[PDB]
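Heads up, work08.json below (JSON, C-alpha atoms and all ligand atoms):
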[["chain", "number", "residue", "atom", "x", "y", "z"],
["A", 1, "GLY", "CA", -154.70, 38.14, -18.00],
["A", 2, "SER", "CA", -152.42, 35.11, -17.62],
["A", 3, "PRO", "CA", -150.11, 35.39, -20.70],
["A", 4, "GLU", "CA", -150.24, 39.24, -20.56],
["A", 5, "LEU", "CA", -149.46, 39.12, -16.81],
["A", 6, "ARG", "CA", -146.52, 36.79, -17.49],
["A", 7, "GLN", "CA", -145.18, 39.33, -20.02],
["A", 8, "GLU", "CA", -145.71, 42.30, -17.66],
["A", 9, "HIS", "CA", -143.71, 40.51, -14.97],
["A", 10, "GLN", "CA", -141.03, 39.73, -17.50],
["A", 11, "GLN", "CA", -140.94, 43.39, -18.70],
["A", 12, "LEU", "CA", -140.79, 44.82, -15.14],
["A", 13, "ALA", "CA", -137.78, 42.59, -14.50],
["A", 14, "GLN", "CA", -136.05, 43.84, -17.73],
["A", 15, "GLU", "CA", -136.81, 47.40, -16.74],
["A", 16, "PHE", "CA", -135.42, 46.65, -13.26],
["A", 17, "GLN", "CA", -132.18, 45.19, -14.70],
["A", 18, "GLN", "CA", -131.63, 48.28, -16.85],
["A", 19, "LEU", "CA", -132.29, 50.55, -13.84],
["A", 20, "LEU", "CA", -129.84, 48.64, -11.59],
["A", 21, "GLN", "CA", -127.21, 49.20, -14.27],
["A", 22, "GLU", "CA", -128.04, 52.92, -14.37],
["A", 23, "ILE", "CA", -127.74, 53.07, -10.55],
["A", 24, "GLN", "CA", -124.35, 51.34, -10.54],
["A", 25, "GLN", "CA", -122.91, 53.62, -13.25],
["A", 26, "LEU", "CA", -124.23, 56.75, -11.48],
["A", 27, "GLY", "CA", -122.61, 55.44, -8.26],
["A", 28, "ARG", "CA", -119.22, 55.23, -10.05],
["A", 29, "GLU", "CA", -119.61, 58.79, -11.39],
["A", 30, "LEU", "CA", -120.41, 59.88, -7.85],
["A", 31, "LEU", "CA", -117.20, 58.20, -6.45],
["A", 32, "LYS", "CA", -115.14, 59.88, -9.23],
["A", 33, "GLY", "CA", -116.58, 63.24, -8.05],
["A", 34, "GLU", "CA", -115.83, 62.46, -4.40],
["A", 35, "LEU", "CA", -112.13, 61.84, -5.24],
["A", 36, "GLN", "CA", -111.88, 64.96, -7.36],
["A", 37, "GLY", "CA", -113.61, 66.96, -4.62],
["A", 38, "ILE", "CA", -111.13, 65.72, -2.00],
["A", 39, "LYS", "CA", -108.21, 67.04, -4.19],
["A", 40, "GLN", "CA", -109.87, 70.45, -4.46],
["A", 41, "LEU", "CA", -110.56, 70.53, -0.65],
["A", 42, "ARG", "CA", -106.93, 69.79, 0.15],
["A", 43, "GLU", "CA", -105.90, 72.60, -2.20],
["A", 44, "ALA", "CA", -108.19, 75.06, -0.43],
["A", 45, "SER", "CA", -107.07, 73.73, 2.96],
["A", 46, "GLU", "CA", -103.29, 74.16, 2.33],
["A", 47, "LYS", "CA", -103.66, 77.81, 1.32],
["A", 48, "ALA", "CA", -106.12, 78.65, 4.16],
["A", 49, "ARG", "CA", -104.55, 80.79, 6.81],
["A", 50, "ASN", "CA", -107.47, 81.59, 9.02],
["A", 51, "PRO", "CA", -107.71, 78.86, 11.71],
["A", 52, "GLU", "CA", -111.47, 78.54, 11.61],
["A", 53, "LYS", "CA", -111.67, 78.28, 7.80],
["A", 54, "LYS", "CA", -108.85, 75.71, 8.05],
["A", 55, "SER", "CA", -110.81, 73.70, 10.57],
["A", 56, "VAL", "CA", -114.11, 73.83, 8.63],
["A", 57, "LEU", "CA", -112.26, 72.51, 5.59],
["A", 58, "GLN", "CA", -110.61, 69.68, 7.42],
["A", 59, "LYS", "CA", -113.98, 68.56, 8.92],
["A", 60, "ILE", "CA", -115.63, 68.52, 5.45],
["A", 61, "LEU", "CA", -112.56, 66.47, 4.36],
["A", 62, "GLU", "CA", -113.15, 63.93, 7.12],
["A", 63, "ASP", "CA", -116.78, 63.55, 5.91],
["A", 64, "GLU", "CA", -115.52, 63.03, 2.38],
["A", 65, "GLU", "CA", -113.16, 60.23, 3.60],
["A", 66, "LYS", "CA", -116.18, 58.59, 5.24],
["A", 67, "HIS", "CA", -118.20, 58.96, 1.96],
["A", 68, "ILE", "CA", -115.39, 57.11, 0.13],
["A", 69, "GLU", "CA", -115.84, 54.24, 2.48],
["A", 70, "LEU", "CA", -119.59, 54.37, 2.31],
["A", 71, "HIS", "CA", -119.24, 54.21, -1.51],
["A", 72, "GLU", "CA", -117.76, 50.73, -0.99],
["A", 73, "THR", "CA", -121.02, 49.69, 0.74],
["A", 74, "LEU", "CA", -123.15, 51.38, -1.93],
["A", 75, "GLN", "CA", -121.22, 49.57, -4.65],
["A", 76, "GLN", "CA", -121.49, 46.18, -2.90],
["A", 77, "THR", "CA", -125.25, 46.36, -2.11],
["A", 78, "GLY", "CA", -125.81, 47.27, -5.77],
["A", 79, "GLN", "CA", -123.54, 44.42, -6.96],
["A", 80, "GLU", "CA", -125.36, 41.99, -4.65],
["A", 81, "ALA", "CA", -128.69, 43.30, -5.92],
["A", 82, "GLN", "CA", -127.57, 42.50, -9.53],
["A", 83, "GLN", "CA", -126.47, 39.03, -8.36],
["A", 84, "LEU", "CA", -129.90, 38.36, -6.83],
["A", 85, "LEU", "CA", -131.56, 39.68, -9.95],
["A", 86, "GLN", "CA", -129.59, 37.09, -11.96],
["A", 87, "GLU", "CA", -130.89, 34.42, -9.63],
["A", 88, "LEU", "CA", -134.47, 35.82, -9.97],
["A", 89, "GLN", "CA", -134.26, 35.51, -13.73],
["A", 90, "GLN", "CA", -132.88, 32.02, -13.54],
["A", 91, "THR", "CA", -135.32, 30.68, -10.93],
["A", 92, "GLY", "CA", -138.12, 32.48, -12.78],
["A", 93, "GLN", "CA", -137.48, 30.78, -16.12],
["A", 94, "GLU", "CA", -137.12, 27.45, -14.35],
["A", 95, "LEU", "CA", -140.58, 27.99, -12.69],
["A", 96, "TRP", "CA", -142.24, 28.57, -16.03],
["A", 97, "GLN", "CA", -140.45, 25.64, -17.58],
["A", 98, "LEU", "CA", -141.15, 23.21, -14.78],
["A", 99, "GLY", "CA", -144.21, 24.55, -12.93],
["A", 100, "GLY", "CA", -145.12, 22.67, -9.77],
["A", 101, "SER", "CA", -143.05, 19.74, -11.21],
["A", 102, "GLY", "CA", -140.22, 21.97, -10.11],
["A", 103, "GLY", "CA", -140.92, 21.27, -6.45],
["A", 104, "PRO", "CA", -141.73, 23.84, -3.65],
["A", 105, "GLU", "CA", -138.00, 24.60, -3.02],
["A", 106, "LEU", "CA", -137.98, 26.48, -6.37],
["A", 107, "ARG", "CA", -141.03, 28.70, -5.59],
["A", 108, "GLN", "CA", -139.59, 29.47, -2.12],
["A", 109, "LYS", "CA", -136.21, 30.45, -3.57],
["A", 110, "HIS", "CA", -137.78, 32.97, -5.95],
["A", 111, "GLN", "CA", -139.93, 34.47, -3.14],
["A", 112, "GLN", "CA", -136.92, 34.55, -0.77],
["A", 113, "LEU", "CA", -134.74, 36.25, -3.42],
["A", 114, "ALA", "CA", -137.50, 38.91, -3.88],
["A", 115, "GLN", "CA", -137.61, 39.45, -0.11],
["A", 116, "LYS", "CA", -133.80, 39.88, 0.09],
["A", 117, "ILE", "CA", -133.41, 42.18, -2.93],
["A", 118, "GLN", "CA", -135.97, 44.61, -1.46],
["A", 119, "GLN", "CA", -133.84, 44.76, 1.74],
["A", 120, "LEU", "CA", -130.61, 45.45, -0.20],
["A", 121, "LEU", "CA", -132.38, 48.31, -2.05],
["A", 122, "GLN", "CA", -133.52, 49.76, 1.32],
["A", 123, "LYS", "CA", -129.97, 49.49, 2.71],
["A", 124, "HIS", "CA", -128.61, 51.14, -0.54],
["A", 125, "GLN", "CA", -131.20, 53.93, -0.33],
["A", 126, "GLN", "CA", -130.45, 54.69, 3.31],
["A", 127, "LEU", "CA", -126.73, 54.94, 2.61],
["A", 128, "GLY", "CA", -127.28, 57.33, -0.27],
["A", 129, "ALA", "CA", -129.64, 59.49, 1.75],
["A", 130, "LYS", "CA", -127.08, 59.89, 4.54],
["A", 131, "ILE", "CA", -124.35, 60.99, 2.12],
["A", 132, "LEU", "CA", -126.74, 63.53, 0.51],
["A", 133, "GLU", "CA", -127.65, 65.25, 3.80],
["A", 134, "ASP", "CA", -123.96, 65.64, 4.50],
["A", 135, "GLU", "CA", -123.33, 67.28, 1.12],
["A", 136, "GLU", "CA", -126.17, 69.70, 1.78],
["A", 137, "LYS", "CA", -124.37, 70.72, 4.96],
["A", 138, "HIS", "CA", -121.07, 71.03, 3.08],
["A", 139, "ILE", "CA", -122.58, 73.64, 0.81],
["A", 140, "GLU", "CA", -123.79, 75.74, 3.71],
["A", 141, "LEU", "CA", -120.41, 75.68, 5.33],
["A", 142, "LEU", "CA", -118.55, 76.45, 2.09],
["A", 143, "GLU", "CA", -120.86, 79.40, 1.28],
["A", 144, "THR", "CA", -120.31, 80.61, 4.87],
["A", 145, "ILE", "CA", -116.59, 80.35, 5.47],
["A", 146, "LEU", "CA", -115.20, 81.21, 2.06],
["A", 147, "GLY", "CA", -114.85, 84.52, 0.30],
["A", 148, "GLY", "CA", -113.84, 85.79, -3.10],
["A", 149, "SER", "CA", -110.07, 85.14, -2.83],
["A", 150, "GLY", "CA", -108.13, 83.16, -5.47],
["A", 151, "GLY", "CA", -106.95, 80.59, -2.92],
["A", 152, "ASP", "CA", -110.43, 79.93, -1.40],
["A", 153, "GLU", "CA", -111.78, 78.63, -4.77],
["A", 154, "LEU", "CA", -115.30, 79.13, -3.42],
["A", 155, "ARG", "CA", -116.53, 78.73, -6.99],
["A", 156, "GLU", "CA", -114.59, 75.46, -7.65],
["A", 157, "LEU", "CA", -115.46, 73.63, -4.44],
["A", 158, "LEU", "CA", -119.10, 74.77, -4.55],
["A", 159, "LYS", "CA", -119.47, 73.89, -8.17],
["A", 160, "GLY", "CA", -118.24, 70.35, -7.52],
["A", 161, "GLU", "CA", -120.40, 69.97, -4.42],
["A", 162, "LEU", "CA", -123.42, 71.24, -6.33],
["A", 163, "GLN", "CA", -122.90, 68.82, -9.22],
["A", 164, "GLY", "CA", -122.57, 66.07, -6.64],
["A", 165, "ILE", "CA", -125.82, 66.90, -4.92],
["A", 166, "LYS", "CA", -127.63, 66.90, -8.23],
["A", 167, "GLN", "CA", -126.29, 63.42, -8.90],
["A", 168, "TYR", "CA", -127.03, 62.10, -5.36],
["A", 169, "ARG", "CA", -130.61, 63.39, -5.71],
["A", 170, "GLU", "CA", -130.84, 61.53, -9.00],
["A", 171, "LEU", "CA", -129.38, 58.39, -7.40],
["A", 172, "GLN", "CA", -132.11, 58.43, -4.68],
["A", 173, "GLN", "CA", -134.84, 58.97, -7.32],
["A", 174, "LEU", "CA", -133.58, 56.02, -9.36],
["A", 175, "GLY", "CA", -133.54, 53.99, -6.08],
["A", 176, "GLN", "CA", -137.09, 54.91, -5.22],
["A", 177, "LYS", "CA", -138.15, 53.83, -8.74],
["A", 178, "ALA", "CA", -136.35, 50.54, -8.18],
["A", 179, "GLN", "CA", -138.21, 49.92, -4.94],
["A", 180, "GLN", "CA", -141.46, 50.69, -6.77],
["A", 181, "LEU", "CA", -140.56, 48.16, -9.57],
["A", 182, "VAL", "CA", -139.94, 45.47, -6.91],
["A", 183, "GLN", "CA", -143.34, 46.18, -5.35],
["A", 184, "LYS", "CA", -144.91, 45.75, -8.75],
["A", 185, "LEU", "CA", -143.01, 42.57, -9.49],
["A", 186, "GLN", "CA", -144.37, 41.18, -6.21],
["A", 187, "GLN", "CA", -147.92, 42.33, -7.06],
["A", 188, "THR", "CA", -147.82, 40.79, -10.59],
["A", 189, "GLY", "CA", -145.76, 37.76, -9.44],
["A", 190, "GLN", "CA", -148.40, 36.70, -6.85],
["A", 191, "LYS", "CA", -151.05, 36.70, -9.55],
["A", 192, "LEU", "CA", -149.13, 34.71, -12.15],
["A", 193, "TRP", "CA", -150.27, 31.20, -11.22],
["A", 194, "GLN", "CA", -153.64, 32.24, -9.77],
["A", 195, "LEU", "CA", -155.29, 31.22, -13.00],
["A", 196, "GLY", "CA", -152.01, 29.84, -14.39],
["B", 1, "LIG", "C1", -136.46, 41.70, -10.18],
["B", 1, "LIG", "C2", -137.01, 40.62, -10.69],
["B", 1, "LIG", "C3", -138.07, 39.82, -10.08],
["B", 1, "LIG", "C4", -138.67, 39.93, -8.87],
["B", 1, "LIG", "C5", -138.32, 40.91, -7.77],
["B", 1, "LIG", "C6", -139.66, 38.86, -8.83],
["B", 1, "LIG", "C7", -140.52, 38.66, -7.75],
["B", 1, "LIG", "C8", -141.55, 37.74, -7.72],
["B", 1, "LIG", "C9", -142.43, 37.55, -6.62],
["B", 1, "LIG", "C10", -142.41, 38.29, -5.29],
["B", 1, "LIG", "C11", -143.31, 36.60, -6.97],
["B", 1, "LIG", "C12", -144.40, 36.06, -6.06],
["B", 1, "LIG", "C13", -143.73, 34.94, -5.23],
["B", 1, "LIG", "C14", -144.74, 34.13, -4.45],
["B", 1, "LIG", "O1", -145.62, 33.45, -5.05],
["B", 1, "LIG", "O2", -144.68, 34.14, -3.21],
["B", 1, "LIG", "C15", -142.95, 36.16, -8.27],
["B", 1, "LIG", "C16", -143.56, 35.17, -8.97],
["B", 1, "LIG", "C17", -143.05, 34.66, -10.16],
["B", 1, "LIG", "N1", -142.00, 35.09, -10.88],
["B", 1, "LIG", "FE1", -140.89, 36.56, -10.46],
["B", 1, "LIG", "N2", -139.66, 38.18, -9.99],
["B", 1, "LIG", "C18", -138.73, 38.69, -10.80],
["B", 1, "LIG", "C19", -138.38, 38.23, -12.05],
["B", 1, "LIG", "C20", -138.87, 37.10, -12.67],
["B", 1, "LIG", "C21", -138.43, 36.65, -13.92],
["B", 1, "LIG", "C22", -137.37, 37.31, -14.79],
["B", 1, "LIG", "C23", -139.16, 35.53, -14.20],
["B", 1, "LIG", "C24", -138.93, 34.88, -15.49],
["B", 1, "LIG", "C25", -139.80, 34.14, -16.06],
["B", 1, "LIG", "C26", -140.06, 35.27, -13.09],
["B", 1, "LIG", "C27", -140.96, 34.28, -12.94],
["B", 1, "LIG", "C28", -141.87, 34.24, -11.91],
["B", 1, "LIG", "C29", -142.91, 33.21, -11.87],
["B", 1, "LIG", "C30", -143.18, 32.05, -12.81],
["B", 1, "LIG", "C31", -143.65, 33.47, -10.78],
["B", 1, "LIG", "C32", -144.88, 32.68, -10.32],
["B", 1, "LIG", "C33", -144.61, 31.44, -9.44],
["B", 1, "LIG", "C34", -144.19, 31.74, -8.03],
["B", 1, "LIG", "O3", -144.97, 32.33, -7.25],
["B", 1, "LIG", "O4", -143.04, 31.37, -7.65],
["B", 1, "LIG", "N3", -139.87, 36.28, -12.24],
["B", 1, "LIG", "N4", -141.88, 36.87, -8.72]]
In structure tokens, write the structure found in this file.
Ligand code: HEM
Amino acid sequence: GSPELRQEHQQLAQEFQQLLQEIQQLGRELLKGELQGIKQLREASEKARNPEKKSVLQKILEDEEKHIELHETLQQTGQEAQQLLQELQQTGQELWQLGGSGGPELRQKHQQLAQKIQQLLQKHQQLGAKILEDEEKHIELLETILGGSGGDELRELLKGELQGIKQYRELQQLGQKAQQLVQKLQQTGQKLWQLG
């Protein structure tokens, strides 16, 4: 009903804010792991003597350099998402305050902001998914080329990679929840002034 629907919309948007925060923090923990993983890869790579193991390591390392970069895009789409969320909150409150006395430019802004934030989430999701498939390949390669020697650190590189995958899977799950919240904010939002 109309007050209850207003509150649901409001509560979805609070839930969404908290989730965006969780996504950003997880993204920073992921970049910390990437940097620490690069150090461990270089350590394995220096000690490697077999040419093929050396090469496999250096090609993982290239991927990881790319993932550092892609973390810049992850971070930014998330940041921009939080910016648009701020603007959703602000335009939202102004809509309730002013109604249709706040002219049509206000209602269009809020709709347009909703449209754009869903695209940023899709962009963010696609970037995360691409990193994750890489890390799944890294594990296969590491399990394949490395042995039980001290210098290989099969355990240390694998452990780090495995912790990373667990976190990137979580990241994608939080993103899918976010996209689902946005859908529901649209579904409730469209109803809010239908018996206003
Ligand atoms: C992530 C946060 C939010 C999203 C994605 C979002 C999205 C939407 C969407 C898609 C609509 C339907 C727009 C249309 O009629 O074409 C809507 C309506 C509305 N939203 Fe939000 N909203 C959010 C947060 C808020 C907040 C915090 C308020 C605060 C009061 C608010 C107030 C409104 C109002 C009053 C309407 C009905 C009038 C209108 O259609 O413009 N919204 N919202």
Might you pull out every residue within 12 Å of residue 140 in chain A, with only C-alpha atoms counted and same-chain residues fewer than 2 positions away left off, and present them as a PyMOL selection string?
chain A and resi 56+60+133-138+142-146+154+157-158+161-162
Residues from the last selection, C-alpha atoms, saved as a short mmCIF file (atom, residue, chain, number, x, y, z; two decimals), keeping the file's coordinate frame:
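As written to disk, selection.cif reads:
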data_model
loop_
_atom_site.label_atom_id
_atom_site.label_comp_id
_atom_site.auth_asym_id
_atom_site.auth_seq_id
_atom_site.Cartn_x
_atom_site.Cartn_y
_atom_site.Cartn_z
CA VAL A 56 -114.11 73.83 8.63
CA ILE A 60 -115.63 68.52 5.45
CA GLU A 133 -127.65 65.25 3.80
CA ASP A 134 -123.96 65.64 4.50
CA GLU A 135 -123.33 67.28 1.12
CA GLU A 136 -126.17 69.70 1.78
CA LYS A 137 -124.37 70.72 4.96
CA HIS A 138 -121.07 71.03 3.08
CA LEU A 142 -118.55 76.45 2.09
CA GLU A 143 -120.86 79.40 1.28
CA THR A 144 -120.31 80.61 4.87
CA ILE A 145 -116.59 80.35 5.47
CA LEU A 146 -115.20 81.21 2.06
CA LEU A 154 -115.30 79.13 -3.42
CA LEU A 157 -115.46 73.63 -4.44
CA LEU A 158 -119.10 74.77 -4.55
CA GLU A 161 -120.40 69.97 -4.42
CA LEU A 162 -123.42 71.24 -6.33
#
Output the neighbourhood of ligand LIG 1 (chain B) as a VMD selection string, that is, all protein and nucleic acid residues with some atom at most 6 Å from the ligand, counting only C-alpha atoms and all ligand atoms.
chain A and resid 10 13 16 85 88 to 89 92 to 93 95 to 96 107 110 to 111 114 182 185 to 186 189 to 190 192 to 193
Sel. within 12 Å of pt (-109.9, 79.8, 7.0), counting only C-alpha atoms, output as a PyMOL selection string:
chain A and resi 44-58+141-142+144-147+149+151-154
Kindly give the distance, in Å, that separates CA of residue 75 in chain A and CA of residue 35 in chain A, rounded to a single decimal.
15.3 Å
Counting only C-alpha atoms, the residue of A:76, A:7, A:21, A:194 that sits nearest residue 174 in chain A
A:21
To one decimal in Å, tell me the separation between CA of residue 113 in chain A and CA of residue 87 in chain A.
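It comes out at 7.5 Å.
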For a quick check of understanding, using all atoms listed in the file, which of A:109, A:183, A:81, A:160 has the smallest distance to residue 41 in chain A?
A:160
Restricting the calculation to all atoms listed in the file: of A:32, A:42, A:123, A:169, which residue gets closest to residue 67 in chain A?
A:32
Between CA of residue 25 in chain A and CA of residue 187 in chain A, what is the spacing in Å?
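Taking CA of residue 187 in chain A and CA of residue 25 in chain A, their separation equals 28.1 Å.
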For each of A:173, A:40, A:97, A:126, take the minimum atom-to-atom distance to residue 70 in chain A, counting all atoms listed in the file, then give the residue where this is smallest.
A:126
Nearby residues (only C-alpha atoms) at most 12 Å from residue 171 in chain A, same-chain spacing under 2 positions excluded, as number ranges by chain:
A: 19-30, 74, 78, 121, 124-129, 131-132, 164-169, 173-178
Between A:18, A:11, A:31, A:181, which one has atoms that come closest to residue 69 in chain A, using only C-alpha atoms?
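When distances to residue 69 in chain A are compared using only C-alpha atoms, the smallest one comes from A:31.
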Nearest candidate to residue 79 in chain A (options A:34, A:8, A:117, A:163; using all atoms listed in the file)
A:117
